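This document contains two forms of one protein chain, each encoded as structure tokens and listed individually as structure 1 and structure 2.
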Structure 1
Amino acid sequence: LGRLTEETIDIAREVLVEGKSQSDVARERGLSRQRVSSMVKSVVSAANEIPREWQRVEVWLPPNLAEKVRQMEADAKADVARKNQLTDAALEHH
């Protein structure tokens, strides 16, 4: 929900609100399966405020190491935030 074409928002909205399968929607608009699935993916990663190359992982493990993995995530997410505001300033003269 930011800077995206109008078509990307209209396709994507019909599967995540009022739940319909991806296959059916291909035939009605006349698009490949590969491309309807690349449209849904860039709206999900924009609602999370993270780049598009990051991946999703899920495992079982003991309780001490289960805490160290929760912390890797939280610190890495606030580091993109700081480093992004700095390069916006550098392009406003000064």
Structure 2
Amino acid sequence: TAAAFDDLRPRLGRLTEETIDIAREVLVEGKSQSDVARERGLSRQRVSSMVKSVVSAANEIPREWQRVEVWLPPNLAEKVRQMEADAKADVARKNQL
């Protein structure tokens, strides 16, 4: 991952900067998981899960999708909510090989 990372940041919401900074040392800077885990006082399992979060977030949402923050009646708030689930579901089974 190069400047592809810096383009993943919007979709890297819900994660913190340390979780993002840490995974960037691995995916872009080429550092090792176990090395940075010792650098920032962490289990090597967390740094595994940290990047896997950053990585999966890439596969979960294509860069074409748009981020929309909207206030709705409770009836229709579930609809858009549920349709994103069905929309992420449809992207998910395409990853297959």
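Rigid core here is just the name for the largest C-alpha set that superposes within 1.5 Å across the two forms. Structure 1's sequence is the ruler for residue numbers, which start at 1.
Rotation of the smaller rigid segment with respect to the larger between structure 1 and structure 2, from C-alpha superposition: 175°. On core superposition, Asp79 has its C-alpha offset by 3.0 angstrom between structure 1 and structure 2. On the core-superposed pair, the CA position of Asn64 changes by 45.3 Å between structure 1 and structure 2. With both forms fitted on their core, the C-alpha atom of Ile50 sits 5.8 Å from where it sits in the other form; this compares the forms between structure 1 and structure 2.
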